[PDB]
Every structure is written in structure tokens, then in C-alpha cells.
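J.: Got a structure for you, written out below as C-alpha cells; questions coming shortly.
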Amino acid sequence: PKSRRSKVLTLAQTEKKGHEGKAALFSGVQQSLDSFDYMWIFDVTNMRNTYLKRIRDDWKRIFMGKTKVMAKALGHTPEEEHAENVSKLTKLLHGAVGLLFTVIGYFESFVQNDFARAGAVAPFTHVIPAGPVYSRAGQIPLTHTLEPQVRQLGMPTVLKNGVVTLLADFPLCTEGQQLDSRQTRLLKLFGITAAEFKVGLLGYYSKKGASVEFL
Amino acid sequence: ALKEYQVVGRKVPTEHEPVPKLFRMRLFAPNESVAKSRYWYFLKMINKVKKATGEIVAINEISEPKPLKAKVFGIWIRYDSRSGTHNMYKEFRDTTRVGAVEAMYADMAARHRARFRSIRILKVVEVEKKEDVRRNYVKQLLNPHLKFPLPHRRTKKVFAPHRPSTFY
Amino acid sequence: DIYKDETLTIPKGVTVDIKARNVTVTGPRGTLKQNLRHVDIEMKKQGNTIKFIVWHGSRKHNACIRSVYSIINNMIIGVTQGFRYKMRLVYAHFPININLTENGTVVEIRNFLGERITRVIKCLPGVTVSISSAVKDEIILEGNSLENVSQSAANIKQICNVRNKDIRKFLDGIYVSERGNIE
Amino acid sequence: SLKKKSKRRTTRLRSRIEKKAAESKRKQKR
Amino acid sequence: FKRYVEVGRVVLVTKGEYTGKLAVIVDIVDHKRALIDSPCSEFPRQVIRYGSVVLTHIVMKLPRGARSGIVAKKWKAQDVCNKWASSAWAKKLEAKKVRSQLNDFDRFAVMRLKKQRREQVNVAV
Amino acid sequence: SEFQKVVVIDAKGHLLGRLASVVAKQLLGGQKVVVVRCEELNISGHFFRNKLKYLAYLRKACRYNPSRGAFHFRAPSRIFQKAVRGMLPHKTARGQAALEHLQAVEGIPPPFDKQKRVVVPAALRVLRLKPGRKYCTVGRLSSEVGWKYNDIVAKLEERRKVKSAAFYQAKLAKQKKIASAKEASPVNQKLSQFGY
RNA sequence: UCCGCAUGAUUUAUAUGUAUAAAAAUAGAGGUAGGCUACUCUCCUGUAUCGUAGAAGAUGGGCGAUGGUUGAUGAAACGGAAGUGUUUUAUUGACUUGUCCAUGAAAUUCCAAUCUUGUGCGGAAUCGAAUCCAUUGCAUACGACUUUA
RNA sequence: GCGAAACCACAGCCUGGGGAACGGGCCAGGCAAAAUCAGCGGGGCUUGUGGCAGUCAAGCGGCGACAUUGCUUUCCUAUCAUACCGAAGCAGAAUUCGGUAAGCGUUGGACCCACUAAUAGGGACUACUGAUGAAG
RNA sequence: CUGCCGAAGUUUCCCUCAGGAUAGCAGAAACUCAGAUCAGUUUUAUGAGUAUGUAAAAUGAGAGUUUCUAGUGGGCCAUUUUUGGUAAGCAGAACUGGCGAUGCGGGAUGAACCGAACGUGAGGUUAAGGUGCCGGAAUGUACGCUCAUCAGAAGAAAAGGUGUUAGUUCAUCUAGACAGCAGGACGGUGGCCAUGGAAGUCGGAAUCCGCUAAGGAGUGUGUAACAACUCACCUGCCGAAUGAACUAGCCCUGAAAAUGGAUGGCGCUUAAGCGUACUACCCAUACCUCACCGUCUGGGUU
RNA sequence: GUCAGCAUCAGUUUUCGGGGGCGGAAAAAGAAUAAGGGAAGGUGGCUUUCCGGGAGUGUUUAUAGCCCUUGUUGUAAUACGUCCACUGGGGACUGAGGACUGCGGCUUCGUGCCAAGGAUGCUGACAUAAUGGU
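So the sequences go chain by chain: W, S, H, s, M and O. Numbered per PDB author numbering, the first sequence spans residues 2 to 61, 64 to 105, 112 to 150, 157 to 230. Numbered per PDB author numbering, the second sequence spans residues 2 to 156, 164 to 176. For the third sequence, PDB author numbering puts the final residue at 186, and the numbers step up evenly by one. For the fourth sequence, PDB author numbering puts the final residue at 32, and the numbers step up evenly by one. For the fifth sequence, PDB author numbering puts the final residue at 128, and the numbers step up evenly by one. For the sixth sequence, PDB author numbering puts the final residue at 197, and the numbers step up evenly by one.
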């Protein structure tokens with residue numbers, strides 16, 4: 002009766018609160034601004050939830068929600084914001100940044122490696138030798160039992176007698192090249208931890224000092 | 002063509018109602034008699050006042066106060082559908098309230114194959130705030146830099169000698 | 004709706020003459036002459052941009068404006084980057100024998116599934132077929148027009164279809180592997 | 003024609019269509 | 004194109020009792036009607052359709068919905084007349100109008116001069 | 002509006018029935034009509050639709066001795082003549098005489114390619130059918146249901162256009178010369194007050 | 001069969017000026033000069049363009065241009081889709097408004113050229129076939145058909 | 001060469017429609033060129049899906065839709081074969097179901113018994129066939 | 001031969017039968033009152049429970065009779081009621097008109113549909129229905145809908161359509177809407193019975209928790225089991241409208257065969273289809289003016 | 001006799017045109033010209049952007065203007081409706097009746113004249129034709 006895109010439906014029963022969720026995030030941001038101390042601005046990075054879970058463990064609460072939504076709730080103008088000189092803070096307040104309560114040394118030093126994300130530059134020039142596939146670049150003393164991965168690769172790989180075989184040498188990634196989605200997904204099947212989680216501690220919105228530096 | 006009439010009517014004075022209240026409504030009819038007939042039908046259906054018991058006290062044709070100012074009208078109507086009950090609201094842009102009603106009537110006879118019988122016009126309103134305009138086609142008309150090629154140019165002396173330019 | 008618009012930025016593709024619905028798009032790689040008479044739309048060339056304009060168009064008419072944009076973009080890609088199609092032969096028992104004639108515009112196919120019918124195809128104009136050495140028994144189709152290269156890739160694939168057998172087991176034939184560009 | 007049938011209803015159909023419409027209206031009245 | 008339904012374009016009326024007159028579009032009522040006006044006294048400001056006009060090549064700046072006085076002042080200032088007549092299109096129309104008014108004696112005057120004009124037939128050998 | 006002895010209509014871009022209706026009226030009006038270039042006539046509706054409209058015409062044939070049955074002419078001129086004939090009272094002597102005043106030919110033969118070809122704006126496709134509406138040419142529609150002279154007529158049309166263009170270039174060269182001499186005469190603007 | 005006068009006329013879905021050949025698109029085409037062209041200009045139907053002034057088109061003169069223009073020609077070129085013709089022509093004889101003059105029309109005193117036979121003209125040159133009868137048998141109810149004569 | 005009679009309102013092409021009986025006359029079409037010779041006698045139904053009871057319940061104004069539970073010669077295509085096609089645990093072969101498809105076949109002997117690729121289901125004077133023939 | 005008047009089908013009963021009656025109608029002859037003397041009509045008042053009747057204002061007409069005497073005493077069609085009813089039609093009465101005796105215009109054509117009730121003509125104007133051509137009359141004006149591989153000019157019918165256009169009621173949206181992309185889509189935990197192997201995804205109940213901005217004891221594919229991918233859930237970039245349920249108009253489908261065929265034909269597709277409004281035009285035996293024929297009636301006429 | 005043309009008339013009619021009243025919110029508009037109000041689909045500018053331009057940007061007539069109310073020109077015109085026992089043309093059909101009255105108006109004070117109780121006047125052509133028959 003009308004040409005329109007058919008919408009897929011499922012039964013998750015986990016629909017987000019939408020406006021209520023945004024209000025809850027704003028309330029949490031206000032409480033985090035009302036927290037005791039340590040005035041951190043750092044929430045997430047390219048790392049998975051495991052790094053976030055480990056970071057949350059070493060604290061007695065890192066959370067940002069929708070970026071620039073907490074800043075909007077606080078208000079860019081100093082009149083709306085409860086803090087001082089937040090007009091310049093809001094400009095710096097962007098991306099995955101959130102308050103915490105547990112620090113500086115751990116964030117500066119402890120940087121665990123993790124699988125790379127798209128857009129970055131490869132730390133090296135990974136090359137996949139031809140023949141049987143090597144999951145960990147020939148570190149197995157990486158079996159050839161990857162029966163379903165052969166159909167799921169798409170790259171120059173054919174199944175020979177139940178063994179995945181790359182007919183031609185396929186360079187997985189090269190240093191200085193932007194990490195494509197296909198390159199990142201292909202590297203996911205391998206042990207390429209070409210990333211390092213970082214943090215941002217430029218300033219601290221202390222209750223008394225109110226000096227959030229731009230370092 | 003249609004013309005807009007204000008008709009003021011009331012029932013006959015009597016001991017029960019020595020001074021019956023005046024009832025005035027604006028309604029669109031091609032002529033005087035249709036306006037009175039539509040008035041009696043409307044008052045009977047709405048308020049339950051009989052034609053015999055009443056009489057018209059004033060009928061006046063109303064001209065357009067500004068027949069040269071481009072205006073946008075919103076029309077609420079109660080369409081008598083196959084079920085006899087349906088409501089509508091359509092937007093129009095022209096210079097005369099009668100023009101909007103006339104264009105609405107042709108629009109009804111086209112997109113719903115309606116009659117003069119089945120249409121009951123609730124209210125015709127002048128809308129002046131741009132952001133209060135709802136319909137998409139009229140809103141896109143309101144943009145300041147309107148310009149478009151002459152749509153459907155289409156242009164006895166049979167047997168013309170040269171092929172028509174049919175263009176600029 | 005009075006005006007549906009679609010905008011196209013023209014790269015260093017040299018000549019984009021648009022006389023009478025006909026576009027002679029010429030780039031560094033070559034020249035493609037295409038006709039757009041089938042659609043009735045406005046095409047305006049303002050310096051570094053091309054404006055696709057539909058006045059008082061229905062949705063049936065309006066849907067053509069994106070298609071016209073897409074095909075013009077495709078031919079622009081062709082005269083700038085070109086189109087490359089890699090097809091990998093699959094043979095289980097009988098090798099598939101391929102012969103190339105007329106700089107690779109005609110393909111001869113032999114010994115497919117043991118058949119002795121000579122499956123011969125003439126590539127659509129502007130399509131060159133070559134056998135690559137870096138990867139064994141796979142074919143590279145090079146050309147300027149995506150439509151002709153893609154259809155030629157389709158023609159070769161549908162020529163060598165397995166018949167009366169199972170797709171489940173007899174999964175032999177020629178399949179398109181990669182769909183990229185020259186650079 | 004161009005069709006699989008004839009669009010001109012023969013006068014029998016012009017005859018019994020209206021009466022069977024009349025019987026339909028009588029049925030709703032009942 | 005060359006003819007756009009613009010607020011401020013002057014159009015040539017081709018139907019109605021004002022056939023041949025020159026007016027300027029002041030407003031766009033809708034897809035099929037536009038409001039037009041002319042400084043010429045005989046022609047009143049009114050709403051005309053698009054089958055009853057033809058678009059000309061002259062576009063003159065004029066603010067939306069200007070009154071009759073402002074439109075006339077802008078028309079006089081930008082010299083719309085004597086710009087329309089400068090075109091060979093207007094000259095062809097005026098030639099047609101005056102040729103319609105010729106009487107029998109003037110037709111014989113036309114007779115004689117163009118026969119004098121014809122007999123020149125001087126071409127280089 | 003004014004009659005000639007004979008009218009030669011160039012039938013390129015005219016609709017089949019729209020042109021045949023005007024021609025039907027002019028024939029009974031008492032005027033000889035020659036329709037040329039019939040193989041570019043247009044019919045509303047997409048090609049496959051009209052191909053079915055004509056393949057149903059092929060189905061009508063008397064079951065006894067089909068030589069008695071209806072004769073399904075394939076040439077574009079004959080299809081146009083069928084349209085006009087059905088729009089005439091051909092079962093009389095005045096309807097019969099109207100057909101005899103009608104000539105329908107595919108292409109423009111030498112007897113007529115040296116005369117002016119007028120068109121009928123009441124039947125022109127560009128003034129009747131909305132843009133984007135599917136239509137089919139009679140010349141294509143005949144070359145797919147039996148008519149076997151499409152290519153030769155197209156071949157002869159190409160040669161005729163070449164000869165006709167060469168004539169026009171010569172006529173323009175002469176016409177621009179006299180126009181230069183036309184404006185050169187001074188009496189031009191001593192008659193300009195009469196609009197000529 | 002025409003020369004040829006006719007001679008009587010027969011005549012016109014004649015005909016009243018039997019006036020006019022680009023091609024293509026209509027969300028476009030065309031024209032100008034200069035070196036694929038930047039740029040200028042044209043369109044908006046033929047109410048146009050060409051011819052058109054005279055005892056149904058008379059008889060003269062002057063002025064002005066080498067023209068227009070026709071009847072008849074003695075020839076060249078081109079046109080095959082149905083070539084129904086186009087053009088080049090030189091020629092002759094006209095006609096000769098481009099412009100200005102003189103003669104004549106009238107009591108027709110309020111409206112009502114082309115077309116061919118025709119029939120013959122007194123002068124030219126022209127000298128075929130088919131069937132029946134007969135035959136054949138490749139054909140055949142009879143016609144017809146295939147042969148011969 | 002001799003030479004009837006029956007019969008005769010008038011006539012004789014076809015498709016559809018004309019309340020019926022739709023016809024040879026009417027209407028709308030297809031069309032339509034003298035004179036004859038010899039054969040042949042021709043003349044808006046309907047379908048592929050049962051009945052009782054309860055439960056929902058889109059909803060409307062108590063019903064309530066599907067679902068659930070209880071028991072008992074020519075023509076048509078709606079294609080058998082041949083052509084192609086899509087699916088199936090379709091390995092090959094063989095086969096099943098379905099789609100396009102009426103070009104082309106659908107047999108021989110007393111429900112049977114074989115052949116076969118298969119032996120699928122159905123509707124129903126003029127014309128016809130040859131032969132002369134006058135004429136622009 | 002022409003002219004004039006002109007019914008009836010059902011009544012009034014009666015019958016053994018067909019019938020008559022009897023009316024009615026059409027008439028034929030005689031005689032009242034210039035009247036409330038009537039009416040296939042309305043109105044007012046009046047009682048009883050808009051209609052009812054009686055009585056009286058409107059309205060048109062000259063209104064009564066007693067007497068004798070021809071022809072008819074069917075049926076069909078449709079409306080309104082109307083009880084029994086069923087797949088479904090069907091039956092039953094009462095009433096109404098029309099038709100029989102009726103031609104004419106229109107609907108292609110037609111016993112009943114739409115107009116119109118007929119002497120011979122002229123002119124003018126219309127009804128119904130029409131104005132592309134056949135065909136007399138606008139290839140008119142204006143606003144919309146519709147594209148159909150067999151569009152269009154109450155029976156299947158209820159339903160279906162990623163056809164189109166309008167509306168109705170709900171949703172998010174520059175705290176970045178929809179989509180598109182990159183990334184996360186977790187850790188107790190391979191929760192518990194169930195088993196060769198079941199790790200959320202062969203299978204039975206919950207189906208809980210820490211981080212939250214989010215990770216469902218899990219949406220599917222899949223693996224022997226794994227693993228992996230996708231969603232459902234969030235975030236980064238991206239910049240503005242977008243999604244859901246309904247109703248309607250048009251179109252498509254909603255089975256129907258057996259020589260070739262019909263909106264009447266040809267054809268038509270910004271109609272020559274569908275709907276509306278507006279003008280102009282076309283013509284009947286109809287209406288109007290005049291002439292003529294006839295009948296009837298009225299006035300005058302030594 | 002036959003048939004044509006015009007004129008002035010009468011009857012019926014059809015079709016354009018002009019002028020003048022009168023009516024409505026005493027049309028509504030509008031124009032011109034004084035107040036006040038409002039703003040935009042935001043102009044000058046406006047600042048910021050970007051390729052003299054584009055784009056915005058937020059504003060209140062400035063280097064465009066618009067809308068609303070009131071006054072005024074005004075008591076404007078126009079439009080429509082309606083009426084004129086006001087008026088100018090074009091066209092078609094008909095010409096029944098056959099002294100005399102009458103009804104009128106002009107007259108012209110006797111008389112008459114007249115478009116007033118139904119067509120006459122002027123002219124031409126044709127006669128072996130033209131009409132009218134079969």
C-alpha cells in the first residue's frame with residue numbers, strides 16, 4: 002500500500018528510557034560534581050569494557068554518559084554551572100570524560122595494551138605467510160581447525176581438504192597505514208594488541224581551589 | 002461562484018420565549034436562498050430548532066476585507082463518509098476566503114469524491130504566524146526565494169506550418 | 004514538492020559536456036559517452052558543481068534523480084580511477100582452461116566439468132580480460148565503465164553454471180572475488 | 003475487447019442487476 | 004532556463020481583457036496563481052493565473068508584496084519600459100499592432116513602397 | 002482555417018488517434034490530405050501494452066476460410082489508414098469518397114518531399130502527453146509484428162535528409178544575401194511607420 | 001499520326017494567386033566573426049514571407065537601372081522511393097510603373113486564360129497480334145493448361 | 001432430341017448486441033466486383049479445503065475474523081509426455097513437488113495386459129473444395 | 001373515405017354454469033339552482049389518542065340528476081408497506097402508479113429507463129441527453145485523482161499490494177532525530193537439571209546480580225563442543241527531520257474456460273477516463289408567435 | 001407573367017453596443033496623504049564567515065520595504081445586483097385581413113398628419129427563361 006523500508010522487530014524488552022535516561026545521566030553528573038574529590042575528567046577510550054571494569058574496580064565512579072550532555076546539564080555559562088570558570092572547562096569538556104572517586114600515578118603509568126581500533130596506524134608491518142593459516146603469526150608449537164573462519168574471511172583464502180589456505184601472501188597491515196574496518200576485523204582474529212589506553216588529568220575542579228588547569 | 006454570508010436567525014417570539022436569542026453563523030452559499038436553507042439545516046441539526054418555528058432576522062453578504070493580501074487559511078470540516086462520520090483539516094493559500102472554500106470543495110470532490118451535501122464546514126481561520134503553518138506543501142511555498150519554471154506551459165487554425173517552440 | 008535537488012562535485016575529470024541529455028565525460032583515463040534521454044530531469048553545470056534538479060516531480064519521477072547522480076559518479080570514477088574485477092576460478096577435478104584473444108576482449112573456456120563444449124564469450128565494449136600470475140587461476144577484468152565490466156563479470160559467471168547437479172556438492176564454477184579499482 | 007470477457011453487460015445483466023440490488027436493499031430493511 | 008517565476012519578473016499578459024499589456028509579478032500566491040501589477044493606469048492590481056501570462060526575459064529587483072506606488076517607482080527608476088521595447092520581440096509585437104490598424108489606402112501605400120523596395124535586386128556579380 | 006487543394010502533413014510526433022480524428026474531419030470537409038512519414042507516429046501507453054493491443058488484432062480472423070477474415074495490415078501507413086477509416090462512415094458513398102481523398106505513405110516520396118509539410122497542434126505529442134509518460138512509435142511497433150521495410154525506409158530517409166539539408170543551406174545562403182540587400186534599401190524605414 | 005486552321009464548341013470537387021521542401025529537441029535549438037571552441041545575438045507559431053497598382057489588364061512619351069518580367073526557344077547539368085521535376089543556361093520576340101505624364105472606357109445608366117474530345121482540314125509518313133478450325137499429352141469430367149502449325 | 005413436379009411473403013456473407021426467440025432484415029462492426037462448371041451436402045451460475053461445542057479477541061455494537069481444544073475437424077489449459085525452470089538429504093542414476101508452456105504427440109488387444117516418451121482432462125439459397133471467366 | 005366522442009379490466013352483488021350483472025367509463029333524451037352546488041386539494045377550528053373525523057377558510061369549476069344502452073370484467077412492470085422464511089434466492093397479501101388504445105426526443109440497439117402526450121406548415125427556444133470522429137454541438141475554461149504485460153468510461157467482496165495521493169491518532173528530534181558508519185556490545189558464569197558432545201542460540205523453570213552510557217542466564221546464523229559474526233543496548237563522527245498504527249480517493253489481485261468481438265465502433269492516457277465548478281453551444285411532434293384545416297362553444301344577423 | 005434588389009413599416013425574434021439612475025460594510029479594495037502599532041518569508045545595514053560575490057548572523061527602515069489601526073483626500077472610483085414608459089446598430093422568418101368606423105398620439109382647430117383595429121413604396125431583369133409541376 003506504500004513503498005517504505007520494512008522495520009525489523011525483536012523481543013529484547015530492553016528499550017532505553019530515552020528522555021528519562023538522559024535525565025538520569027544529568028542527575029548522575031550533578032552527583033558526580035557533588036562528589037568528594039579527585040575531580041577527574043576521563044571516562045573511556047578505544048579499549049573494551051574490560052579496561053573500564055578494571056578501572057572502575059580501582060575506585061570507591065567513572066561515568067560520562069552522552070558526551071556534552073553532562074556539560075549541557077551543568078551549563079557552559081558560569082551562571083548555570085555550579086563550578087567556577089566552567090565556560091572554558093566546557094570547551095575542554097568533550098568526548099569520553101567523567102568524574103571519579105577512589112589516581113594520577115596509576116593513570117600516568119598503568120596503560121594496558123588492547124586490540125587496535127579502526128583509523129589508527131599499525132604498530133608494525135604484519136604479514137600473513139601463505140599456506141595454512143597462522144592465528145598468532147606462527148606462535149603455536157594457531158591450529159588449522161578454523162573451518163568456519165574460511166567462509167567468514169572473504170580474503171584470498173580457499174579450503175583445501177578442510178584446511179584454510181591463503182593462495183597468495185596477504186599483508187594484514189603495514190605501519191603508517193590507516194587501520195581500515197576490514198583490516199581491524201582481520202587483525203581481531205589475531206593477537207595484535209596495537210593500542211594503549213590513556214587518560215586525561217589536565218585539571219581538577221576542586222571544591223575550594225576551583226582550578227581546573229589545561230595541562 | 003460561492004459567496005460568504007452571515008445569517009442571523011431565531012425562533013418566533015411567544016409566551017414561552019418572549020425574546021429568543023439571536024443565532025448567527027457564517028456559511029458559504031452560491032446565492033441567498035441556499036444560505037437560508039443551509040442555515041435552517043444547521044440550526045435544526047445542532048440546536049434542535051424547527052424551521053417552521055423560526056425566521057431569519059438578518060442576512061448579509063461579506064466581501065473579503067483585503068482581497069489583494071496573500072493569506073493562508075486553515076479549514077476544519079466534518080466530512081460525511083461511507084460511515085457518515087469523519088473529520089478533516091486542510092490548509093490553503095489564496096487571497097479570498099471564498100476562494101479557499103471553493104478550492105476546498107473541488108479538493109473534496111477530487112480526493113474523496115464528495116458532494117456539496119456531505120461537507121459541513123466547521124471553521125475557516127486566517128493563520129498569520131509562519132511556524133503555525135502545518136502542511137508541507139504550503140510551508141515550502143512560504144520560503145523567501147520562491148522561483149520555479151512555468152509548470153505545465155502547454156503552449164482554431166488547424167495545420168500550423170512550423171513545429172511549436174513549446175519552450176522558451 | 005516543487006524542487007528536489009541533488010549536488011555533485013566534479014573532480015579533475017576534464018570534459019563533462021551534457022548536450023541533449025548526452026554526457027561525454029572524458030578524464031585522464033579515457034572517454035565515455037552516455038545517454039540520459041530516458042529520464043526527464045534538469046542538469047545544470049555551475050563551475051565545479053553539477054546540479055540535478057526536478058521541478059514538480061512525483062516520487063516515481065523523483066527516484067530517478069539519485070540514480071542519475073550515481074551513474075554519473077560511476078563514469079567519473081571510471082575516467083579517473085577505473086574499475087577492476089577479480090574472478091577466481093574453482094575447479095575440483097577438471098581444470099578450467101581459459102584462452103584470451105583480441106587483447107583480452109574475448110574469452111574461451113574449455114574442460115569445464117569435463118564438458119567439451121567451447122564456452123566462448125565476447126566481453127562488453129571497454130572490458131579487457133587478463134590472467135593474473137600473483138594468484139593462480141583467477142582473472143582480472145579491467146575497464147572504464149562499471150556497467151560493462153560488471154555485466155561482463157556476470158556473463159562469464161552465468162556461462163559456467165553447474166547443471167542438474169547439486170549446488171551443495173558440485174560447487175564448481177567461476178565466481179567474482181573482489182570488486183575494486185585500478186588505483 | 004482486449005480482455006478475457008465483455009465489458010458491455012448484456013441487457014439481462016442490465017435487467018437483473020438493479021432488481022437484485024433492490025432485493026439487497028429490502029434485505030437490509032428487514 | 005531563461006524564464007523563472009520570480010517575485011519581480013515582468014510578464015506579458017496573453018489572455019483576458021488586458022491582453023498585450025505588461026505587468027510585473029509582485030507576489031506568488033500558489034503554484035497556479037500569482038499577483039501582478041503595472042504602473043500603467045488602466046491596468047489594476049489583481050491575481051492572475053499562469054495560463055494567462057507569458058514570462059519575459061526582464062527581472063527587476065522589487066521587495067515582496069510592494070504596494071502600487073513603490074512598484075511604479077521601481078519600474079520607472081529601473082527603466083522597465085524602453086527596456087522591454089528595446090528587444091526585437093517587443094518591436095515585432097508593435098509592428099503587428101500598427102499593421103493591424105492600416106486601412107485600405109494605407110495598404111496601397113504599403114503596396115507601392117515595398118514594390119519600390121523589391122525592384123532594387125542589386126547583387127554583386 | 003484556409004483550404005488548399007492538397008495538404009501534406011509530416012506525421013512525426015503526432016498521436017495516432019489525435020491526428021486521425023482531425024484528418025477524418027478534414028476529409029469529410031472535402032479536402033485532399035497526404036500524410037507523410039507515418040512510421041514515426043506515436044501512440045500513448047508503453048510499447049508492450051500496445052504490442053498486445055495489436056497482437057489481439059491478429060487474433061480476429063473468420064474460422065471458415067480465413068481468406069474471408071479480417072486483413073491485419075502491418076505497414077504504419079496502413080495502421081494509420083485503419084484509424085481514419087474507422088472514424089469515417091465508410092459503409093456509404095460519402096464515407097467511401099473520404100478515404101479516396103486520403104493518402105498515407107511511410108517516409109516522404111519524391112512527389113511530395115519538395116512541398117511544405119504542416120503539422121497539427123491538436124495532435125502533437127509534446128503538447129498533449131505529460132512528460133515522463135510512456136509511449137511507443139508506430140514504426141517500431143510495425144517492425145515487430147510483420148512489417149519488413151523499416152530499415153530501407155530509414156535508409157532512404159537518411160539520404161533524403163542529406164539532400165534536403167543541402168537545399169536548405171543553398172536557400173539560406175541566398176536568403177541571407179537578399180536580407181542584406183533588403184535592409185540595405187533606404188525605403189525600408191520610410192515605410193517602417195506602417196509596421197513592415 | 002501531326003501540321004494545321006479549325007469548326008462547333010466540348011470543359012473542369014480547376015478556380016480565381018492551383019503561391020512557400022531544412023533537421024531535431026521541447027528540463028531546448030539556431031545564427032556571428034577570430035583562433036576544439038570562450039564570447040555576442042536570435043525563438044515566445046503564418047495576422048508571416050513572396051507576388052499583388054492597368055480598355056481582365058489598351059495605345060504613346062519622357063526620366064532613371066542592366067534590371068524585373070513573360071511567350072516561344074537551341075542547348076548543358078542533376079533528380080529512381082511513386083524519378084510527376086529541379087537547375088544551368090545562353091537566345092529570340094515581347095512585356096516593359098522603378099518614377100512622372102497624355103489619350104480611351106460610359107445608355108452593360110441601382111445586384112443578377114487551360115481542358116480536351118470534337119469533327120473534319122490538305123499536307124507529311126506509318127504496314128501488328130489473338131482465338132476458333134487442326135495438332136501435341138508433360139495436362140484433362142467439360143473449360144483450362146503444355147506444345148506444333 | 002424430348003422434357004416434368006414439389007416448393008415459392010421477400011430475400012440469401014460473417015462476429016457481437018438487441019429483456020424473449022435472439023433473427024435473415026434492427027444496431028455496431030468485419031467487409032463487399034459480373035457470369036458461371038463440377039464435387040461435399042455442412043447449414044456474472046460454476047471449482048481447494050465438513051458439521052457440533054467451548055476458548056480467545058482485531059474490533060464493532062452481544063457478536064466477533066483467522067487460530068485453539070474437544071469425536072466421527074477445430075478450440076480450452078485446469079500439462080500425461082517432450083522443452084526450460086526453482087526447490088527437496090538432490091552424491092550419481094532414478095524420482096518427488098512447483099512454475100512458464102497447448103508448438104507438438106496422447107497406442108494396440110479381451111477394470112484389465114502389454115507396448116510406448118506418454119497413453120492428460122474437457123467444450124463445440126449461402127457456405128466449403130477445386131475449375132473457367134468478361135473488364136477497365 | 002374523412003371527421004367527432006371514446007372506456008374496461010377491477011368494481012356491485014348474484015349465482016348450477018359460463019357468465020351476467022352492477023358500477024365505472026363512454027354516452028343519449030328531460031328537468032331543477034346562478035348556487036357553498038361541487039372537488040383523487042390545501043388550510044383553520046373542533047373532540048378522541050404529523051395523522052383521525054366533523055364543521056368552516058383557501059382554491060378551481062356552473063354545478064345536479066332520475067330515466068336506457070353499447071364495450072370491458074384480464075394481466076405485466078416497478079414503488080411502498082410484509083409475515084413465514086435460508087447458503088442462497090422465495091413465498092404472502094394490501095396499496096400505488098405506468099402499460100394495454102401511444103406515436104416523438106434520448107439512453108449504440110430494446111414491452112416498461114430518462115424527457116415528452118401527436119391536426120398541416122414557418123420561425124424561435126428548450127427538456128432529457130450530449131459537444132474528439134463516426135454525429136448536429138467547446139480537441140472549451142478552472143481545480144484535482146488515476147499508469148493498469150490486456151486501465152476505465154448488486155456476485156464472488158472478505159481480505160492482500162515495498163503502487164500513489166491526502167488526511168486522523170500517537171512517537172523521538174542541534175541534551176544531535178531516522179539512517180548510515182567506526183567502537184563497545186562486559187565481567188560472576190560453561191548459573192541449574194539435562195549429555196557422547198550443549199559454553200545464551202538440541203533441550204525444562206527461573207533467568208539473578210558489580211561497572212554503568214550498555215551489554216537480554218541471550219536476537220539469529222554457526223560450531224561435535226568451542227570460538228566468531230549480527231542484533232537489543234549504548235558511545236564516537238554525522239547534521240534535521242523522521243518513525244508507528246489507522247481512515248479515505250484511484251489503481252493492481254480477490255478463478256473462468258473451450259470457432260474471432262466489442263465502453264456501439266475507431267480510438268483516447270496532463271483524456272476523448274474519474275470528480276467538481278463555470279460558461280458557450282446542439283435539438284423533440286415539447287414550449288412560444290403567426291398562417292391554414294376541422295370540430296366544439298360563444299356573440300351578432302329582416 | 002416569372003424572379004430578384006432596396007427602402008420605410010407591422011408581428012415574432014436573435015445578437016452586440018452606449019448612457020443614466022438606484023442598492024450593499026451607502027460594495028469591499030485601492031491611490032494619495034497624516035498619526036500610532038507590529039514585525040517579518042530580515043532589506044539597508046549588521047557583525048562573523050567563507051569564493052566584488054556567496055553564505056549566514058542576530059536585529060526593526062536606515063542606502064528596500066511589509067503588515068495592523070485611525071484620520072484624511074472622500075461624500076473617491078470600481079465590481080456586482082437591480083431599474084430606465086433612455087438609446088445606437090447587425091440578422092432571420094412572417095405580410096394573414098381587404099372601402100368606412102374604433103382605441104390613441106400628433107395635430108389644428110375645419111382640417112388633417114401619423115409607426116394608431118394585419119405591407120406598402122421605388123427599381124431592374126427575364127418571355128423559345130425563370131419559377132411551378134410530373
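Every residue, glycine too, gets a C-beta built ideally from N, C-alpha and C.
#1: For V19/H and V142/W, I'd like the C-alpha separation in whole angstroms.
#2: Below 8 Å on the Cβ atoms is my contact criterion, and I expect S143/O with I80/O to pass it. Report the Cβ-Cβ distance as a whole number of Å.
#3: Excluding sequence positions up to five away, which residues of its chain have a Cβ less than 7 Å from the Cβ of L157/W?
#4: What three-state label does DSSP hand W58/H in the structure shown?
#5: Which bits of chain M does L125/O rub up against, with CB to CB less than 7 Å?
#6: Tell me whether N51/O is buried or exposed, calling it buried when 16 or more other Cβ atoms sit within 10 Å of its Cβ.
#7: Looking only at C-alpha atoms, which of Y88/H, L11/H, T121/H sits nearest to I74/H?
#8: In three-state DSSP terms, what is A37/M?
#9: Give the straight-line distance between the Cα atoms of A166/O and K172/O, rounded to the nearest whole angstrom.
#10: Alpha carbons only, please: which of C39/O, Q116/O, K83/O is nearest the one belonging to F168/O?
#11: Between the Cα of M63/M and those of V56/M, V57/M, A75/M, spot the shortest distance and give me the residue it belongs to.
#12: Could you tell me if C188/W is buried or exposed, where buried requires 16 or more neighbouring beta carbons within 10 angstroms of its beta carbon?
#13: Look at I10/O and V121/O and say whether their C-beta atoms are less than 8 Å apart.
#14: I need the straight-line Cα distance from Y7/M to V146/O, nearest angstrom please.
#15: Taking Cβ-Cβ distances shorter than 7 Å, what residues in chain M pair up with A182/O?
#16: Would the segment 103-121 of chain S count as touching the segment 52-59 of chain S if we require 3 or more Cβ pairs under 8 Å?
#17: Let's test the definition: count the other Cβ atoms within 10 Å of the Cβ of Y88/H and tell me whether it reaches 16, buried, or not, exposed.
#18: Taking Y7/M as the query, report the chain S residues whose CB atoms sit under 8 Å from its CB, ordered along the chain.
#19: Run through DSSP, which three-state label would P141/W get?
#20: Just to confirm, is the Cβ distance from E127/S to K91/S under 8 Å?
#21: Using a cut-off of 9 Å between C-beta atoms, extract the partners of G140/O located in chain H.
#22: What's the C-alpha gap between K178/O and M88/O?
#23: May I have a chain-ordered list of the beta strand (DSSP E) segments no shorter than 3 residues that lie completely inside the segment 106-182 of chain O?
#24: Put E181/H into one of helix, strand or coil per three-state DSSP.
#25: Got a sec? Which residues, its chain only, sit under 7 Å from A104/S by beta carbon, not counting five neighbours each side?
T.: Taking the definition as stated:
#1: 48 Å
#2: 7 Å
#3: Answer for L157/W: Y143, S144, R145, listed in chain order.
#4: strand
#5: Within chain M, no C-beta atom comes nearer than 7 Å to that of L125/O; the closest sits roughly 18 Å away.
#6: Around the CB of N51/O, 16 or more other CB atoms lie within 10 Å, so the residue is classed as buried.
#7: For the residues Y88/H, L11/H, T121/H, the minimum Cα distance to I74/H belongs to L11/H.
#8: Strand.
#9: Using only the alpha carbons, I get a separation of about 10 Å.
#10: Nearest of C39/O, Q116/O, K83/O to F168/O, Cα basis: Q116/O.
#11: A75/M
#12: buried
#13: yes
#14: 46 Å
#15: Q123, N125, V126
#16: no
#17: So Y88/H ends up on the buried side.
#18: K148, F149, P150
#19: strand
#20: no
#21: The contacting residues do not exist; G140/O stays about 17 Å from chain H at best.
#22: 48 Å
#23: Secondary structure in the segment 106-182 of chain O: the beta strand (DSSP E) runs of 3 residues or longer, each lying completely within the stretch, are 136-138 in chain order.
#24: strand
#25: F93, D95
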